[PDB]
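What follows is a set of notes on a single structure, which appears directly below.
Neighbour counts are summed over all protein chains in view; Cβ atoms, including those assigned to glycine, are modelled from backbone coordinates with ideal geometry. Every read-out reported here was derived from the displayed coordinates using simple, explicitly stated rules and does not represent laboratory data.
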Amino acid sequence: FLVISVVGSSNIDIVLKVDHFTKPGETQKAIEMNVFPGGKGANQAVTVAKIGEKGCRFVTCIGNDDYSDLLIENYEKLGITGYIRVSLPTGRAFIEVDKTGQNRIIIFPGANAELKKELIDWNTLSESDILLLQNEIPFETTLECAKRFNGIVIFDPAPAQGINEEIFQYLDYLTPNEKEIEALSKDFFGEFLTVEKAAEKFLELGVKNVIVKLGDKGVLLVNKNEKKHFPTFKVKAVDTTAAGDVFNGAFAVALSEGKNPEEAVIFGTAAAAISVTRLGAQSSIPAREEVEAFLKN
Amino acid sequence: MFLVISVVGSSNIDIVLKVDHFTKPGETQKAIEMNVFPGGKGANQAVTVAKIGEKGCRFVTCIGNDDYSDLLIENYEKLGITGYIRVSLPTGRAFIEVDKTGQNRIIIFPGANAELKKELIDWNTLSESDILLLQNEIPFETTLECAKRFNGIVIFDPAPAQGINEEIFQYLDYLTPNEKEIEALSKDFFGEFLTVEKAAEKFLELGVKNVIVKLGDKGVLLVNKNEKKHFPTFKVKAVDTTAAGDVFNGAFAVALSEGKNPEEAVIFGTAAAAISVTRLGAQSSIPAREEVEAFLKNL
């Protein structure tokens, strides 16, 4: 199988349950506070580990704090290696969630902001064949990795802000969701006509494959040779959080096992679909057996 | 020699998240900065007592077993502050979102503070104290039971003013509301708010021995059976009034401990508060005893 590395962000997700969204000037008691391992990078790494069942190499910067210990415990159980501890607080997502389950989020990069080129063990990274990237660490690091990686480079443009055009030519896969491809098109092409056309324009910048994740509507794969729409599974969704992360990790697992990109898209679609039926981010990541039972079923 | 002071109350980590604009529902926003500060009214007062009294402080408080509790223990240890109790809940924390205008909003997780129940109070040890500082940031039943049982001077800072039962007042030697608090308290317990002086008087009728109303710029009002003395404050360039009341209460108590009369103690606390409002922050604003003395001498 091909070896996967994720280079990206780890967060502790601090979920503050409240009756209503706190108003400016208001002091409100949290009904609950619960912490969970998180981060787009980690979510993808955890997906790879759980679905691939061969652990994951995950280059990520965390702190030296309790939350860091918590993440390491999580990583260690899953066979996830490659974390780097720094003296900053672990990256944090402060997630205020009201009684309806709507949320908002303040993100503190913390340790994630220390994941700079100088800390990448490039020799060890060259041992990998597939590389997963997002946009929650310094963009220059993500860019350098995409530039230097000999292997399949998958870039999740999430969030879409702060991305330089130089990265695209180095990508094998660009995996925006619908909101991201819109922002990205406006940004780089000065307009947003459609998903298909935006995807086409990215192929012009050197991106080999665009996979547009379309939620209910499924996924669009666009490359030189085809524009394949893949419908998704009709599930009862409860929480779409991390669905895209799950898609990317499971997609990468499939490629690692020698599946063609279309097969891999189907496999990750299955995984993502299971995940939206569960509350939470990493807690929603299905086990491989669950993904298989889905596709068999 | 000096009277021994105990604080029974709250310890909080204040987590200040600096943002461009208030985060909207459904929005993910990057914090410009995250800065963490020790807080809680109890701790602010204990730290005041320790730093201005220079004899440490007995401070019964519940904290967690987490990194933040470790940081609070280091702070407490260095200042000679003893009596904290560790529990398995997270240390109390407040998540303060501040936009570019300086307007804020706050989510408060009481955590360990909610575990400070009457069953955890070492009453034998507490009876070794002569002055008791209370606020309203732990379960009221605990605050109330302390004020009931304390043989000594009982000082109650009704902060926040909500959730207070009338029973506590008859056990108080000092009630120290600020202006918003005395208003709320008067409305709640006497059905109206006329004036600050009239409210303070009514509290005297419930058995409170002294009311000290903290009026900010306007100074402080002392009300008891024998007098209604207004104390102007010291004209300083204020920058941050955070914890000014906590500093007042702790410094006030230090003065009593050293045998100063309540009027002297008000002056002393006024001076300490006044220096604090000239400095950014809560516990970071607390002056050292020498600073308070240099202030008073300078008049």
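Identify the residue in segment A:7-47 that is of a type in the set (D, E, K, R) and in contact with a helix residue (DSSP H, G or I) (Cβ under 9 Å, 6 or more places away or on another chain) and, among all such residues, is farthest from B:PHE95 (Cα to Cα).
Per the criteria, the residue is A:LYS40.
Are any of the residues in segment A:184-198 touching a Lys or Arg at 6+ places or on another chain (Cβ under 7 Å), under 19 Å from A:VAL153 (Cβ atoms) and part of a helix (DSSP H, G or I)?
For segment A:184-198, residues touching a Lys or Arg at 6+ places or on another chain (Cβ under 7 Å), under 19 Å from A:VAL153 (Cβ atoms) and part of a helix (DSSP H, G or I): absent.
Does at least one position in segment B:280-294 carry a residue that is in a helix (DSSP H, G or I), among the β-branched types (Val, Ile, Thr) and in contact (Cβ under 8 Å) with a residue 60 or more places away in the chain?
Yes, the conditions are met somewhere in segment B:280-294.
Determine, yes or no, whether B:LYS118 is touching an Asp or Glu at 6+ places or on another chain (Cβ under 8 Å), under 30 Å from A:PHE108 (Cα atoms), more than 10 Å from chain A (Cβ to nearest Cβ) and in contact (Cβ under 8 Å) with a residue 24 or more places away in the chain. Even if it seems obvious, please write down each step before you answer.
On the way: touching an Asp or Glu at 6+ places or on another chain (Cβ under 8 Å): yes; under 30 Å from A:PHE108 (Cα atoms): no; more than 10 Å from chain A (Cβ to nearest Cβ): yes; in contact (Cβ under 8 Å) with a residue 24 or more places away in the chain: yes.
So B:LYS118 does not fit the description; no.
In segment A:241-265, how many residues are within 16 Å of the chain's Cα centre (by Cα) and at positive phi?
Total meeting the criteria: 1.
Out of A:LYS234, A:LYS228, report the one residue that is among the basic types (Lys, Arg) and either touching a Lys or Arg at 6+ places or on another chain (Cβ under 6 Å) or part of a loop (DSSP other than H, G, I, E, B) (or both). Working first, answer last.
Details: A:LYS228 fails: either touching a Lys or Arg at 6+ places or on another chain (Cβ under 6 Å) or part of a loop (DSSP other than H, G, I, E, B) (or both).
It is A:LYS234.
Give the residues of segment A:22-45 that are farther than 30 Å from A:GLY79 by Cβ and in contact with a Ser or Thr (Cβ under 9 Å, 6 or more places away or on another chain), sorted by residue number.
Listed by number, the list holds a single entry, A:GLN28.
Filter segment A:191-240 down to residues that are among the β-branched types (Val, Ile, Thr) and surrounded by fewer than 17 Cβ atoms within 10 Å (Cβ to Cβ) and give me whichever is farthest from the chain's Cα centre (by Cα).
Within segment A:191-240, the match that is farthest from the chain's Cα centre (by Cα) is A:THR194.
Sort through B:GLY92, B:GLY9 and tell me the only one that's buried (at least 16 other Cβ atoms within 10 Å of the Cβ) and within 22 Å of B:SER276 (Cα to Cα). Don't jump to the end; show me each part of the working.
On the way: B:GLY92 fails: within 22 Å of B:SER276 (Cα to Cα).
Only one candidate qualifies: B:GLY9.
Based on this model, can you work out whether A:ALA160 counts as closer than 20 Å to A:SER185 by Cβ and not polar (S, T, N, Q)?
yes
Select from segment A:115-150 the residues that are touching a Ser or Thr at 6+ places or on another chain (Cβ under 6 Å) and part of a loop (DSSP other than H, G, I, E, B) and write down the one among them that is surrounded by the fewest Cβ atoms within 10 Å (Cβ to Cβ).
Out of the qualifying residues, it is A:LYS116.
Can you tell me which residue is farthest from B:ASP67 (Cα to Cα) among those in segment B:1-15 that are touching a strand residue (DSSP E or B) at 6+ places or on another chain (Cβ under 8 Å) and assigned to a loop (DSSP other than H, G, I, E, B)?
Only one residue tops the list, namely B:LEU3.
Can you report the number of residues in segment B:16-50 which are in a strand (DSSP E or B), at the interface with chain A (Cβ under 8 Å from one of its Cβ atoms) and crowded, with 20+ Cβ neighbours inside 10 Å?
The total comes to 1.
Considering only residues that are more than 25 Å from A:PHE247 (Cβ to Cβ), more than 11 Å from chain B (Cβ to nearest Cβ) and part of a loop (DSSP other than H, G, I, E, B), which ones fall in segment A:51-104?
Hits for segment A:51-104 are A:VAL86, A:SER87, A:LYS99.
Before we move on, is A:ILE4 within 27 Å of B:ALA94 (Cα to Cα), of a type in the set (A, V, I, L, M), buried (at least 19 other Cβ atoms within 10 Å of the Cβ) and within 19 Å of the chain's Cα centre (by Cα)? Even if it seems obvious, please write down each step before you answer.
Values: within 27 Å of B:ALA94 (Cα to Cα): no; of a type in the set (A, V, I, L, M): yes; buried (at least 19 other Cβ atoms within 10 Å of the Cβ): yes; within 19 Å of the chain's Cα centre (by Cα): yes.
Spelling it out, it is not the case that A:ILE4 is within 27 Å of B:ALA94 (Cα to Cα), of a type in the set (A, V, I, L, M), buried (at least 19 other Cβ atoms within 10 Å of the Cβ) and within 19 Å of the chain's Cα centre (by Cα).
Out of all the residues in segment B:191-203, is one or more in contact (Cβ under 8 Å) with a residue 12 or more places away in the chain and of a type in the set (S, T, N, Q)?
Looking for residues that are in contact (Cβ under 8 Å) with a residue 12 or more places away in the chain and of a type in the set (S, T, N, Q), one finds none in segment B:191-203, hence no.
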